[PDB]
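Trainee: Here you go, one structure.
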Amino acid sequence: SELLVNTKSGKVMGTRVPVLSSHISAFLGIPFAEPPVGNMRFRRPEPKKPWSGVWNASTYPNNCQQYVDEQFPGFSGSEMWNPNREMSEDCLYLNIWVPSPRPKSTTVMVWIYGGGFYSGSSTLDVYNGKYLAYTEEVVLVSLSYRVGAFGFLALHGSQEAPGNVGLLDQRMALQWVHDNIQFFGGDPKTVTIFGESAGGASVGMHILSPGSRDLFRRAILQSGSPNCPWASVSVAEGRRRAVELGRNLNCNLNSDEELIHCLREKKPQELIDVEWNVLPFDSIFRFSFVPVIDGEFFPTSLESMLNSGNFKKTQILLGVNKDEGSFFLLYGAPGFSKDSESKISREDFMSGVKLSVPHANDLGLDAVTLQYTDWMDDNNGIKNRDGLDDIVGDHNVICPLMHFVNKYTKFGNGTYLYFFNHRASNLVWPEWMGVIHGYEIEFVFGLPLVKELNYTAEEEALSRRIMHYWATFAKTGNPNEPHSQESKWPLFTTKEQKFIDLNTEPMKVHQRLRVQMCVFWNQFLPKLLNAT
Amino acid sequence: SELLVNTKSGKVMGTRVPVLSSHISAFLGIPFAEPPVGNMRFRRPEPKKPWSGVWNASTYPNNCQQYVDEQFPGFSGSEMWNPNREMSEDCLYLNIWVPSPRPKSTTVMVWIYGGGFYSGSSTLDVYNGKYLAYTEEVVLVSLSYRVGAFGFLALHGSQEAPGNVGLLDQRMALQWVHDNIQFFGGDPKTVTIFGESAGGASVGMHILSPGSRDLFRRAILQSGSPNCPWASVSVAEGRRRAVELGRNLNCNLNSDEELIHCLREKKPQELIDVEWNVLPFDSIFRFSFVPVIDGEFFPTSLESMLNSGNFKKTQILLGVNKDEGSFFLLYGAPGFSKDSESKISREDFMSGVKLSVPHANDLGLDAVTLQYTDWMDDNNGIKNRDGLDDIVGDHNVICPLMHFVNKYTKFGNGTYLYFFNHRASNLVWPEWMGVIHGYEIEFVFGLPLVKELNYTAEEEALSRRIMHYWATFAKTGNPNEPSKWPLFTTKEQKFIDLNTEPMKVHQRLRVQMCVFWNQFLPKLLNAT
Ligand SMILES: *[C@@H]1O[C@H](CO)[C@@H](O)[C@H](O)[C@H]1NC(C)=O
Ligand SMILES: *[C@@H]1O[C@H](CO)[C@@H](O)[C@H](O)[C@H]1NC(C)=O
Ligand SMILES: *[C@@H]1O[C@H](CO)[C@@H](O)[C@H](O)[C@H]1NC(C)=O
Ligand SMILES: *[C@@H]1O[C@H](CO)[C@@H](O)[C@H](O)[C@H]1NC(C)=O
């Protein structure tokens, strides 16, 4: 049968799902590892031992234990990111969308959800893969990984909670695709991994990690890179937060054994109710438990690896959105509201920069302030809002990614940079937020194609050309169809540094995405802070 | 006789001079101090001893001993600033232009030449005071002071070479005006001291110094303020440079007394030939012997005086030119030429900022570089040239003056700020230099009023309104006579452009860059 597939770990039964007046096969909730429960919490994942019979893979699996956003109860703008299925530590499953009839050895694209490494699910509506798998004729995989303490608690030295197990969970799902995707009509030699935000950081992390390199062909990074200030911590910082989590729950802090054993006795929600209390400073765009530069998953410092070219050399397609930071200012900085224009006073602007660059000293803070303050009009609420907006987006996403793209391009075999700046017609968030963090995803996933979602005709075209760029890139390493016809997305070179805007208007080629601000964030500020 | 005046020091005989198809009286080279020669070298000035008979005040006096610019021989653009009389240590004299007939108790304006404290003359053509004295009916005086080591060699503690004697020469000339100007129809109670560059800084220094405050009513500072980075040094740096000047001339350095006896045996030119060797860094807009913060002429640090309001409270009228730094890049920065557009490679730009901010560490240099580099086009020679140009102008003149203006206005009784940006139609310097340092001077002195100088009619009108602003201000404390030049307040921070077009009011002159130069860089350097 088309829906019955025999994998290396057991039989699986999918379900025929309708998609845009047609249909396709979907294998949902396929396990790829042993439930990391009990004495398995915090430990490296273990392959799902083979099962007998037929696994019912017709419904979405559970979502990993995570923090749930309740800021705006009922609001679709925020609710669309919360788990839409029951949470559980038993959450290591992957979803697959196969074109019907089943391809022979077609391109495969593996999605890695974002969520600051503290949240995220593979079952969200904006990640429904039937549209992209169907339209571009690709085998689309949806993986999952442990988040928060459950996936990144790190006590370097210990083997019970070594850290980066969330990254290892992803790697095991990738090793699984490598071993069984051929049975679903996918070609394991042509697999592309792509993700947004924390997911984009992950992709760049597999690009770097020797243990992940051979498990994929190419990579796509959306609004995130391995070197983001919020994407990792030192073993020292990791241990401290680990111990502080224990302190927070009254645990025996004498040994990693006692601390860990204590943590494993707590219910999931207990660890989550205190998750945010371990951060070093009051801040925005900083998450408690994230990847650690251990010296194993990451041989050396991310920078030294980027400089020496120690990473997979292949093709990459990456980019960012116009307003990466508004979402985070709305939730954590004073003066911001989703119900107003959020004009910021000079006082709140100041509080906003300290909140945005929590690791900076006074001199650093003055440098940032000066770099984004129009001193002829310092009391302009609008310029203060947008300035603070750019600070958050530049420091946390755009510039770290530009540093990555420039370093990588020195060794890579092809780079394609994009600047997504389209404000969706049916956006439910206030206009001041602009092109919000995560809102290029619904276009990558073809949501604009479904009529009842009420997107405009031009947004459907944008979605269609974006999915095609992604898919064509996945298949060939180039988003452009060889001597096709339409405008050509140019390669990003260390010399020209070209990139295109992604929106509903004709293609526009640009150069040096936000160099001025990024030179500040990538070169000057670091030297300023390093000096004291 | 109108040309014969009895001063408290002795008789003076002036000379009737023609000015724009008319005449006025001119008393040139009147001694106000004892010749600071021989044993008087480096010492505070001594009042001129009364003479008997009639002093011939019909011709300009000597210019003080100074380094002479020879970069462009014959070139009028640089020549107009060189001594135009015999140089001599016997140079403490002042000149006076009195409108004819001799007015009765009228406004007095005292000019103090600039020149980095290492040069300058009161006899230059651009300082001829007949046009301004005539046109605005004011009594115009140009004084003189010792420059270079002769006026600022400072060995604090010593009474033989205490430093700041050049500022004192200035003060003695003012004291002389305060005592004798009434005899020329001047009103000692309505005296305005004005100067450009080093002279503008001097004006600001008299504004701060308790010993100078009662000798004048109001002040005008052009392209200079007391707090300029090149306008002063500490007693330690002053001594260090002094001792180094000795080292350069194989002088006995065992004691100040021996070092000083040695320096006094040398001919003026021997001191000058080594003057520049005492600077601490390779640099531009940095001069060897300048005023020193001694705790005497300057009670405490310039900044503390500005903060505590420890200075004369009155009306001030000051400004800067659009391109203050081009003159200095041309003489000391790589890539610059007088006969070229001077596009600056990226390499020359780098060494250029290094030369402009000699005291900064590497982080400071990166900060300055980042602040002035358009990274979407960093290999643009024009932008690199203009950028380096603004760095030198902003750091040395504009921002230091703006910090001064903002501090003063908190206690002052009236501030009028200007931004002069009119490129002379008949300028001999290349276009890239723009509105050059010192070139608003010819307008203040009304040179555009003389037909054979080939200025345009609009430049003559500009000169006339500038002179009237200066004179009216000098005369009432307001450049406006009852388009209004708005008063500068700490709140509005208004200022006007000074050019051939109609008046345009603006706010916060170069505030973005000056926040960097006045607040961020200093803090960066103090922390690193
Ligand atoms: C798989 O589960 C779905 C959802 O309840 C159900 O409709 C389907 O019949 C199940 N498959 C079998 C035959 O167990
Ligand atoms: C990629 O590598 C191939 C083979 O080494 C080479 O021919 C090609 O020029 C490279 N392309 C890029 C964009 O570096
Ligand atoms: C004053 O000195 C000048 C300069 O030599 C001389 O020409 C003039 O005749 C002198 N005045 C008189 C008449 O004493
Ligand atoms: C100047 O001083 C007078 C007298 O004290 C005062 O009334 C006036 O407001 C002051 N003007 C300015 C510009 O400060």
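The chain as shown is numbered from 1 upward.
We read in the header that X-ray crystallography, 2.4 Å was used to get this structure.
Each residue, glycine too, has its Cβ placed from N, Cα and C.
From Swiss-Prot, here are the annotated features:
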- A:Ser197: active site, acyl-ester intermediate (ACT_SITE)
- A:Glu324: active site, charge relay system (ACT_SITE)
- A:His437: active site, charge relay system (ACT_SITE)
- A:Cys64-A:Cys91: disulfide bond (DISULFID)
- A:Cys251-A:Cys262: disulfide bond (DISULFID)
- A:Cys399-A:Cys518: disulfide bond (DISULFID)
- A:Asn56: N-linked glycosylation site (CARBOHYD)
- A:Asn413: N-linked glycosylation site (CARBOHYD)
- A:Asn454: N-linked glycosylation site (CARBOHYD)
- A:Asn530: N-linked glycosylation site (CARBOHYD)
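Could you place these features in context, so I can see how deep they sit and what lies close by?
Mentor: Proximity of A:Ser197 (active site, acyl-ester intermediate) to non-local residues of its own chain (separation of 6 or more, Cβ distance below 8 Å) is seen for A:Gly114, A:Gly115, A:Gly116, A:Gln222, A:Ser223, A:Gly224, A:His437, A:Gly438, given in sequence order.
Around A:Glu324 (active site, charge relay system), a 10 Å sphere centred on its CB holds 27 further CB atoms from the protein chains shown.
Secondary structure at A:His437 (active site, charge relay system), taken from DSSP and collapsed to helix, strand or coil, is coil. Of all Cβ atoms in the shown protein chains, 25 besides its own fall within 10 Å of the Cβ of A:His437 (active site, charge relay system).
Taking all protein chains in view, 29 other C-beta atoms sit within 10 angstroms of the C-beta of A:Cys64 (disulfide bond).
All protein chains shown were included, and the count of other CB atoms within 10 Å of the CB of A:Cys262 (disulfide bond) stands at 16.
According to DSSP, A:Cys399 (disulfide bond) is assigned to a helical segment. There are 27 other Cβ atoms within 10 Å of the Cβ belonging to A:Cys399 (disulfide bond).
Following the DSSP three-state reduction, the secondary structure of A:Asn56 (N-linked glycosylation site) is strand. Annotation for A:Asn56 (N-linked glycosylation site): spatial neighbours A:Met13, A:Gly29, criterion Cβ-Cβ under 8 Å with sequence separation of six or more.
A:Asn413 (N-linked glycosylation site) is surrounded by 12 other CB atoms, counting those within 10 A of its CB over all protein chains shown.
A:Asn454 (N-linked glycosylation site) is surrounded by 10 other CB atoms, counting those within 10 A of its CB over all protein chains shown.
Annotation for A:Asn530 (N-linked glycosylation site): no same-chain Cβ neighbours under 8 Å separated by at least 6 residues are found.
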Trainee: Consider the recorded positions A:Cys64, A:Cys91, A:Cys262, A:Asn413 and say which one has the Cα lying nearest the Cα of A:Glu324 (active site, charge relay system).
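Mentor: Closest by Cα: A:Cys64.
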Trainee: Within 10 Å of each Cβ, count the other Cβ atoms, then let me know which of the disulfide-bonded residues A:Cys91, A:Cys251, A:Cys518 comes out lowest.
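Mentor: Per-residue Cβ counts within 10 Å for the disulfide-bonded residues A:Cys91, A:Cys251, A:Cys518 bottom out at A:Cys251.
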Trainee: Provide, as an integer number of angstrom, the distance between the C-alpha atoms of A:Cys251 (disulfide bond) and A:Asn454 (N-linked glycosylation site).
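Mentor: The Cα atom of A:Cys251 (disulfide bond) is 52 Å away from the Cα atom of A:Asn454 (N-linked glycosylation site).
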Trainee: Tell me the coarse DSSP state (helix, strand, coil) of A:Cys91 (disulfide bond).
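Mentor: Coil, per DSSP.
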Trainee: What is the interatomic distance between the Cα atoms of A:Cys518 (disulfide bond) and A:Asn413 (N-linked glycosylation site), given in whole Å?
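Mentor: Between the Cα atoms of A:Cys518 (disulfide bond) and A:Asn413 (N-linked glycosylation site), the distance comes to 24 Å.
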Trainee: Under 8 Å Cβ-Cβ to anything in chain B: which of these recorded positions pass, A:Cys251, A:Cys262, A:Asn454?
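Mentor: Going by the Cβ criterion (under 8 Å to chain B), the recorded positions yield none at all.
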Trainee: Between the recorded positions A:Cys64, A:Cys262, A:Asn454, which lies closest to A:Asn413 (N-linked glycosylation site), Cα to Cα?
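Mentor: Result: the closest of the recorded positions to A:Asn413 (N-linked glycosylation site) is A:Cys64.
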Trainee: Please name which of the recorded positions listed here, A:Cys262, A:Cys399, A:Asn454, is nearest in space to A:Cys91 (disulfide bond), Cα against Cα.
Mentor: A:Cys262
Trainee: With A:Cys262 (disulfide bond) as the reference Cα, tell me which of the recorded positions A:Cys64, A:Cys399, A:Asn454 is the closest one.
Mentor: A:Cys64
